[PDB]
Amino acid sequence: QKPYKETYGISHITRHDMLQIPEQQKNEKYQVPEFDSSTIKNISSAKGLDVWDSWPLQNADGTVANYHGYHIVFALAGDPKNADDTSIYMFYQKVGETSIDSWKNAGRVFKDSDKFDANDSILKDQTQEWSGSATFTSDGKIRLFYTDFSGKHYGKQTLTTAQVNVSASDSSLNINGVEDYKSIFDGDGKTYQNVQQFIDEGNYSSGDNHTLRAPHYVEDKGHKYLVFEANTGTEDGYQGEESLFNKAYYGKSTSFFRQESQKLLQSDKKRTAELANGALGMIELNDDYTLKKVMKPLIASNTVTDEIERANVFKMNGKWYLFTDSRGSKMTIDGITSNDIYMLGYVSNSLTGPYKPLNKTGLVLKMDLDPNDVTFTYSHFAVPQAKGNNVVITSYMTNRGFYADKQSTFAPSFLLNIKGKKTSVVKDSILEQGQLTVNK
């Protein structure tokens, strides 16, 4: 196969940039701070459930919404014994409260019968509800986006929306039901991989890893978009043997391409690399939240990894910041280990790009604790704030099903300082578990 160069007009997480991270990550400015295990509590209202990936109800610009005097956080929860028990619950606190003990549980967003009542062919085959985002509409409605996972159809993942109907009183919030509950996007094969393409490979035992999830709502100039975890399709640089010869995925120089590509081809990571075609995708939505336009990915991670999760994007002080979480264990980069877990980040003058790496390489956060560590965190997420140079990093703490007495819970939040194309963790900025804003 001859070397070639093709960007497909999109940005790329390159091998060269990733290779810089192992040395860089030793700098405390890019490290999830150490947490104090004796301050950590289970979510008391979640009653022995694991509570992991969690997200705030947001305004269109990503700031935290105020619903009738309450903050709302949606989260995946389930029985610690059953790895396939995953539904979305809605938690809430009065605005002003900070303690983890302030979070009340409104229960599941969905009834089991809702997916059938939706009159939606894909939804009626759902077995789990995976994570997403939620926006607070201009007419005062709670608009949810999440991933419909079908365990019985080879792990199909479909971007899905619903309006959550909630009555508010002085004391409580109550979920009355949902409406406008519908599939929006299941891939198109050319821009984003679909489940059939995964099945064509031999599904799970092929080593391929199909993703179409983590839908994040954002607006710009009154246009509505989802940015999401995906994989590339046939027309924007697909997985395959040929992909290892695309210099766009390497960066730096032809010298670097020749050296790195031949190492990769001689390595035990060649096949993994060939299959690796992660992407942060984008679609525009109509005003009824249906699909308007499939758009090109903002960034892709060909050869590096198949799995870039928890897509997030927002404008802050005149620039756009794009983030994703990713496990070192599924990467193919020398010096990145199975313990390493990252939030990577990119910056643009426009929502639609082009995006270049933060801190030269893409590194924003590094967390490398043992999976057994009670203070292990995952699903790091930057919550934009109304003003200032700080965002709040939320994450879940404690691996699912690991400890009888210590469930997955809200991690202590902390601050990340962002200016220009640089970030730093704010020294001793640890907040309460699950705290969403600096303002109180």
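Each residue number is its position in the shown sequence, starting from 1.
When 169 to 177 is weighed against 274 to 282, 169 to 177 comes out higher, by mean CA B-factor as recorded in the entry. Split the chain's modelled residues into thirds by C-alpha temperature factor. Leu265 is in the middle one. Remark: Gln1 belongs to the highest third of its chain, ranked by C-alpha B-factor as recorded.
In this PDB entry, the Cα temperature factor of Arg327 sits in the middle third of its chain's modelled residues. Among the modelled residues of its chain, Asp340 has a C-alpha B-factor that falls in the middle third according to the deposited record. Per the deposited record, the Cα B-factor of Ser11 falls in the highest third when ranked against the other modelled residues of its chain.
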